[PDB]
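Following: one structure in structure tokens, then a few remarks.
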Amino acid sequence: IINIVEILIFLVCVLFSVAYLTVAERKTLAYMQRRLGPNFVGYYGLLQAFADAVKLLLXXXXXXXXXXXXXXXXXXXXXXXXXXXXXXXXXXXXXXXXXXXXXXXXXXXXXXXXXXXXXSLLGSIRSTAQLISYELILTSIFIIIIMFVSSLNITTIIXXXXXXXXXXXXXXXXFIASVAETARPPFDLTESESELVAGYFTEXXXXXXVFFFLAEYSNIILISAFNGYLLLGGXXXXXXXXXXXXXXXXXXXXXXXXXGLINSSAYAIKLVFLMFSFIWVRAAXXXXXXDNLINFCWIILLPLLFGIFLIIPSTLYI
Amino acid sequence: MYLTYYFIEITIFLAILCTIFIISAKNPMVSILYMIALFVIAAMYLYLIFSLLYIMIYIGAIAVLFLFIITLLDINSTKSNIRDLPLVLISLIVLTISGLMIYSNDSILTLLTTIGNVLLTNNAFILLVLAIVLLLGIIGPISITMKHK
Amino acid sequence: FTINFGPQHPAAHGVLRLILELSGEXXXXXXXXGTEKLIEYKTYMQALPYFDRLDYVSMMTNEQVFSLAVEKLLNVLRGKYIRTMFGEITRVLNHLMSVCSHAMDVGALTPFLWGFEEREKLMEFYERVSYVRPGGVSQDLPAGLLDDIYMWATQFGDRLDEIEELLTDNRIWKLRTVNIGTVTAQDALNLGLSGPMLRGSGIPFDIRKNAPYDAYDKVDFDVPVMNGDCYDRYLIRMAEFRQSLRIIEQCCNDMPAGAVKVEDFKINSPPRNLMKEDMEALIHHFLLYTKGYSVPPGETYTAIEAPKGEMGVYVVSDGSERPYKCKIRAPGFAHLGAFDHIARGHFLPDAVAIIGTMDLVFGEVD
Amino acid sequence: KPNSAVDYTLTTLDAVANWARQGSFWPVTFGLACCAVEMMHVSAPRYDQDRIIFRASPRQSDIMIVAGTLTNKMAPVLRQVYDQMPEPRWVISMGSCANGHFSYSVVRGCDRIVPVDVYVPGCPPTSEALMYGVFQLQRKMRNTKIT
Amino acid sequence: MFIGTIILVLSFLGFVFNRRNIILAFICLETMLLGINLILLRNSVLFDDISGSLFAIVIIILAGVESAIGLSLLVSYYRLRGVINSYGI
Ligand code: SF4
Ligand code: SF4
Ligand code: SF4
């Protein structure tokens, strides 16, 4: 009623950012390569997101390889799952961190479904497995941060964090190595394309691709944001909050404004930086060779975090 | 007030249907999807945390395993005396009753649900056995599907 | 149960019908589908425009080879320096393309962009000139030849190292290349595996050294050298880039005033300004461009090292205006016969990496 | 043709999508010989044209760029890729070979198998000439094209 | 508990009548386990505190193990490629 405007604005914003992020990765990487991304489509280059996503729907294109309507259904679920993860950020939810875990459990289901040609489907099973490995990793980390906290509500963790990515720097580094491994350098190579299959990404077909990439970047902004609340600085100049930051707020006057903004601008800055890391990790990047990613996580990253569980409570009971 | 909430016995109505649909479905994949939806209805019934536990584990892993197994393993599927034989035993079921009605005529003309307290503590014998039970789970296949030299 | 590799975008271009039989990690059953005939019906001068068409990236290696063999059959300095400069320039252009292509094929884009900027500097040096001829060359360079190569040779040695800076300290590329791409040196020789693909595997036989051609004898070149793999073939070509740049520097220095093509009127044709004073030059000019020249009756085959392997023209001349039969010893075809052996039992994503390391171009193969 | 037709000049809706189409146009790279090498110089110089890879499916792209020699054996494959492309599709013939060195192993023209929207001569044509062909396809999608 | 009981029943019915299939079975069993868990959960809430909630969680853990065991059993059965032994079975 009143909540309808509060939800609307937020989601319109989220979607706006998701759409623009495509153009962001473009421009950023072009700067690295000594080139320019979307030069015209603007002014600025703002209208490359819209005029492109508008052009895939207009194409409006189906093979028995994926069941009739189950062929254009994984496209719906990938976006529908991404929709929930952003909406579960705004709301408080009394048991919030295992509500975030329910959605990234349920997201992957669309990969096992996506292809269900014999061999292409076999290729889908690989990515299905690949995602499953790091999704277990992140849980191990969520759990470590809950060990330090104990309160499952996301908010308590967001508010608790005069330090966050100081003790957990190694963990966060491993978070980004997994957070990207769930979708960027490996998944770019995990796509495989042998042969054609699946062009740039999962046989796009038009205009299911519009909701796919709007679950990709969307679940990269939310995937990095999530990392931010757990591990990174989830709002404010803490050194100032320690040094008596109130000075600027108490001497500001009164309006009940800009105080709510400061934090959002800080988190915006965090996700911006994490996204930039994602921009360069896609640039610097090399191979993935699926078996050479299974070996990396199961045999190494997974038992590394395991040994950490055999330190957190021991040093807590020390 | 809030009549829709009152009518949410709609869960049972849905469930009966959703399971009658897991049976009807040809073939397995659709039925897997169905088991997911049925489990989701179960979760929706837990708002009436076990939803989030059920969604993270059952739908999260089990279902993923059933979908990952069906797509990996080809398997599939869609009176010869022994086949007639079970039905033969049911006609005896009717007879018991028919014999009985004629028998009676003999004389006639902070913290959020927690669980940790009892698991880690009182039932720690069980928690320890559950670490051992999970041991087998991973080991069993590694001694059922391995074929090592 | 197979993977039909391609059928247009395998990872770059080609075309490809590499019917790769598979079982997880098996039997490369390729299909590489009349230049050989067209060349027969074409004069020696006419076959020059056809020559560069085979290996488009290192076209000049094709030009030099053909022109050389035709020179030997016919028996025809400041022109030979221009070739050494241009052969190596086309080797830098052809080495850039391959390093990047393979860096793109399995792994990420980034290096490829950088590869192309320096390429754009060479194509500019290619638009400025046009070039090679059976007598010598089409025409002279320019006064803006000397000072321009230096600006490219200065802003290259650094750039050559950034590409290397990223690859030498190979992230996934080490795990993906190091063991993959089995090339036994004995078996490479048995499969007639051309090289730079052969020299990484250990064997030190290169045409530029074994059989030096025009001005390559007088220029100071280094010893590029462990175990026949993708990684070491990939890195040797990166060293080859710097040594090529040192040849370019060494050849830019040794460039005085000189003529460009062989003065024997029966071959070449360098009048251009003399068309207005000589009668023998027009009777000759008209005749060379109509009929052409008839070479001696006999066989000839002069090999030249291309960056894509072993280039050689087998030209049989029956005293005609055209070559009786021109069979081009295909470096990319020779290298490809070792794919069914090298990629046997290798991975499918690595089967793309194993192909980029071979340094193939379909135009040369077919 | 017709000028400022209907009750009120709108017209607007079609041109809105067409303008959006022409500048966001999705090219499907069909690399054959040398022409594919010049077409890569094109990507190094591309900013708005940028879309290649959509070439791999090929059901994701609209602009079919045939660059290089079309062998007579390659002829039935090039036919099936254009047919396996989505409905609003355009075709760019790059190179003397794809337009019209005529041999006994190559198709005399690419138009023989697939209908050609824009022709770009050269051997290979300069990157900017393909950009000019891209603009010849841009102004064509805009309904601009005529005599 | 009303819901879970009905679900259990259905699951059992689908178990036998088998419906010939043999593939459905594991799904059906997992469903049965869920159904029971539902019944107990309602009873736990009816009773109050860590009485049934724990056993519930256990069956969940145990259910996970059962699906692992069953799935590896399937992977074991269904031997790959067409190579023959010689008269022994
Ligand atoms: S000689 Fe002239 S006509 Fe022939 S190709 Fe060269 S350019 Fe065309
Ligand atoms: S072609 Fe012969 S006759 Fe004709 S003018 Fe020339 S040289 Fe003399
Ligand atoms: S047109 Fe010239 S450029 Fe394209 S393939 Fe033909 S020969 Fe090469």
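What follows draws every value from the coordinates through simple rules; no lab data is involved. We place every Cβ from the backbone using ideal geometry, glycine too, and count neighbours over all the protein chains shown.
Give me a count of the residues in the stretch C:34-66 that are more than 16 Å from ligand 3 (Cβ to nearest atom) and part of a loop (DSSP other than H, G, I, E, B).
Number of matching residues: 4.
Just checking, which of C:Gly337, C:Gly332, C:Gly319 is away from ligand 2 (no atom under 16 Å from the Cβ) and out of contact with any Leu (no Cβ under 7 Å at 6 or more places or on another chain)?
That would be C:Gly319, the only listed residue that is away from ligand 2 (no atom under 16 Å from the Cβ) and out of contact with any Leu (no Cβ under 7 Å at 6 or more places or on another chain).
One residue is enough: does the stretch E:50-68 have a residue meeting the conditions part of a loop (DSSP other than H, G, I, E, B), more than 10 Å from chain B (Cβ to nearest Cβ) and not polar (S, T, N, Q)?
Yes, the stretch E:50-68 contains a residue that is part of a loop (DSSP other than H, G, I, E, B), more than 10 Å from chain B (Cβ to nearest Cβ) and not polar (S, T, N, Q).
Would you confirm whether or not the stretch D:11-23 contains a residue that is more than 13 Å from chain A (Cβ to nearest Cβ), β-branched (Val, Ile, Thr) and surrounded by fewer than 20 Cβ atoms within 10 Å (Cβ to Cβ)?
yes
Here is a list of conditions, (1) under 26 Å from E:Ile69 (Cβ atoms); (2) assigned to a loop (DSSP other than H, G, I, E, B); (3) at the interface with chain E (Cβ under 8 Å from one of its Cβ atoms), and B:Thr114 meets all of them except one; can you say which number that is?
Every condition holds for B:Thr114 apart from (1).
Given the criteria closer than 23 Å to C:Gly115 by Cα and within 14 Å of ligand 3 (Cβ to nearest atom), does D:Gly68 qualify?
So D:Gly68 passes the test.
How many of the residues making up the stretch A:34-51 are outside any helix (DSSP H, G or I), buried (at least 19 other Cβ atoms within 10 Å of the Cβ) and either out of contact with any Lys or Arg (no Cβ under 7 Å at 6 or more places or on another chain) or hydrophobic (A, V, I, L, M, F, W, C) (or both)?
Residues that pass the stated criteria total 3.
Considering each of A:Unk77, A:Unk72, A:Unk106, A:Unk102 in turn, give the residue that is under 25 Å from the mean Cα position of the chain (by Cα), more than 10 Å from chain B (Cβ to nearest Cβ) and assigned to a helix (DSSP H, G or I). Steps first, answer last, please.
Numbers: A:Unk72 fails: assigned to a helix (DSSP H, G or I); A:Unk106 fails: more than 10 Å from chain B (Cβ to nearest Cβ); A:Unk102 fails: more than 10 Å from chain B (Cβ to nearest Cβ).
After applying the criteria, what remains is A:Unk77.
Identify all residues within the stretch C:1-25 that are assigned to a loop (DSSP other than H, G, I, E, B) and charged (D, E, K, R); write none if there are none.
Listed by number, the residues that qualify are C:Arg17, C:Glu25.
I'm checking my understanding of the structure. Among residues of the stretch C:223-267 that are part of a loop (DSSP other than H, G, I, E, B) and of a type in the set (D, E, K, R), which one is nearest to ligand 3 (Cβ to nearest atom)?
For the stretch C:223-267, the residue satisfying everything is C:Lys261.
Considering only residues that are among the small types (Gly, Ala, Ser) and at the interface with chain D (Cβ under 9 Å from one of its Cβ atoms), which ones fall in the stretch C:7-30?
C:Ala12, C:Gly14
Could you look through the stretch A:246-282, keep only residues that are over 24 Å from A:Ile158 (Cα atoms) and in contact with a helix residue (DSSP H, G or I) (Cβ under 6 Å, 6 or more places away or on another chain), and pick out the one that is surrounded by the fewest Cβ atoms within 10 Å (Cβ to Cβ)?
Only one residue tops the list, namely A:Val281.
Tally up the residues in the stretch A:261-318 that are part of a helix (DSSP H, G or I) and either among the aliphatic types (A, V, I, L, M) or within 14 Å of another protein chain (Cβ to nearest Cβ) (or both), please.
Here the count works out to 34.
Filter the stretch C:34-86 for residues that are closer than 24 Å to C:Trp152 by Cα, within 13 Å of the chain's Cα centre (by Cα) and of a type in the set (A, V, I, L, M, F, W, C) and give the result.
C:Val57, C:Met59, C:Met60, C:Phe86
Please work out which one of (1) more than 16 Å from ligand 2 (Cβ to nearest atom); (2) aromatic (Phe, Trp, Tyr); (3) exposed (fewer than 15 other Cβ atoms within 10 Å of the Cβ) is the condition C:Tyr293 fails and give its number.
Unmet condition: (3).
Does the stretch C:78-134 hold any residues that are within 30 Å of C:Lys218 (Cβ to Cβ) and of a type in the set (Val, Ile, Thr), and which are they?
C:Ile82, C:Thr84, C:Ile89, C:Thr90, C:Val92, C:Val99, C:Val129, C:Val132
Hey, any hits in the stretch B:82-105 for a residue that's assigned to a helix (DSSP H, G or I), under 16 Å from the mean Cα position of the chain (by Cα) and more than 10 Å from chain A (Cβ to nearest Cβ)?
Here is the first cut: in the stretch B:82-105, the residues assigned to a helix (DSSP H, G or I) are B:85-105.
Restricting the remaining residues to those that are under 16 Å from the mean Cα position of the chain (by Cα) gives none.
No, the stretch B:82-105 has no match at all.
Enumerate the pairs (first residue in the stretch D:113-126 and under 19 Å from D:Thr71 (Cβ atoms); second residue anywhere and away from ligand 2 (no atom under 16 Å from the Cβ) and part of a loop (DSSP other than H, G, I, E, B)) with beta-carbon separation below 8 Å, excluding pairs fewer than 6 apart on the same chain, so at least 6 apart or on different chains.
D:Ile113/D:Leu70; D:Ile113/D:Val107; D:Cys123/D:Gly95; D:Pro124/D:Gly95
Pick from the stretch A:183-213 the residues that are outside any loop (DSSP other than H, G, I, E, B) and out of contact with any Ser or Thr (no Cβ under 8 Å at 6 or more places or on another chain): which of them is surrounded by the fewest Cβ atoms within 10 Å (Cβ to Cβ)?
Filtering first and then ranking leaves A:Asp188.
Quick one: in the stretch C:268-325, which of the residues that are closer than 30 Å to C:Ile207 by Cβ and β-branched (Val, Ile, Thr) is nearest to ligand 3 (Cβ to nearest atom)? Give the steps one after another, and end with the answer.
Within the stretch C:268-325, the first condition is being closer than 30 Å to C:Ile207 by Cβ, and the residues that meet it are C:268-270, C:292-325.
Then drop every residue that is not β-branched (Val, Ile, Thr), which leaves C:295, C:300, C:302, C:304, C:313, C:315-316.
Working: C:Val295: 26, C:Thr300: 26, C:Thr302: 25, C:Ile304: 22, C:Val313: 19, C:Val315: 22, C:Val316: 25 Å.
Out of the qualifying residues, it is C:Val313.
Can you run down the residue pairs with Cβ atoms below 7 Å, 6 or more apart or on separate chains, where the first is in the stretch D:44-62 and closer than 26 Å to C:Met123 by Cβ and at the interface with another protein chain (Cβ under 7 Å from one of its Cβ atoms) and the partner is among the small types (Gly, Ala, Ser) and in a loop (DSSP other than H, G, I, E, B)?
Hits for this filter: D:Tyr47/A:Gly37; D:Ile53/A:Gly199; D:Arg55/D:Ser61.
Out of D:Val81, D:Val66, D:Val91, report the one residue that is among the aliphatic types (A, V, I, L, M), in contact with a strand residue (DSSP E or B) (Cβ under 8 Å, 6 or more places away or on another chain) and surrounded by fewer than 22 Cβ atoms within 10 Å (Cβ to Cβ).
D:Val81
In the stretch D:71-104, which residues are closer than 17 Å to C:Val15 by Cβ and either assigned to a helix (DSSP H, G or I) or more than 16 Å from ligand 3 (Cβ to nearest atom) (or both)?
Correct list: D:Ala75, D:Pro76, D:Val77, D:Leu78, D:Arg79, D:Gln80, D:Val81, D:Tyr82, D:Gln84, D:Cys97, D:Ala98.
Return the residues of the stretch E:1-32 that are buried (at least 18 other Cβ atoms within 10 Å of the Cβ) and more than 9 Å from every other protein chain (Cβ to nearest Cβ); say none if nothing qualifies.
Answer for the stretch E:1-32, where residues must be buried (at least 18 other Cβ atoms within 10 Å of the Cβ) and more than 9 Å from every other protein chain (Cβ to nearest Cβ): E:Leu8, E:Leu29, E:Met32.
How many of the residues in the stretch E:1-28 are assigned to a loop (DSSP other than H, G, I, E, B) and farther than 24 Å from E:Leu74 by Cβ?
Final tally of qualifying residues: 1.
Considering only residues that are of a type in the set (A, V, I, L, M) and within 16 Å of ligand 2 (Cβ to nearest atom), look in the stretch C:259-290 and name the one that is nearest to the other protein chains (Cβ to nearest Cβ).
The selected residue is C:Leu288.
Mind checking which residues of the stretch C:31-56 are β-branched (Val, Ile, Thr) and away from chain D (no Cβ under 13 Å)?
C:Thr43
Just to be sure before I move on: is A:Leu122 surrounded by fewer than 16 Cβ atoms within 10 Å (Cβ to Cβ), out of contact with any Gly (no Cβ under 9 Å at 6 or more places or on another chain) and either part of a helix (DSSP H, G or I) or within 12 Å of chain B (Cβ to nearest Cβ) (or both) in the structure I sent? Spell out the reasoning first.
On the way: surrounded by fewer than 16 Cβ atoms within 10 Å (Cβ to Cβ): yes; out of contact with any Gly (no Cβ under 9 Å at 6 or more places or on another chain): yes; either part of a helix (DSSP H, G or I) or within 12 Å of chain B (Cβ to nearest Cβ) (or both): yes.
Yes: the conditions hold for A:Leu122.
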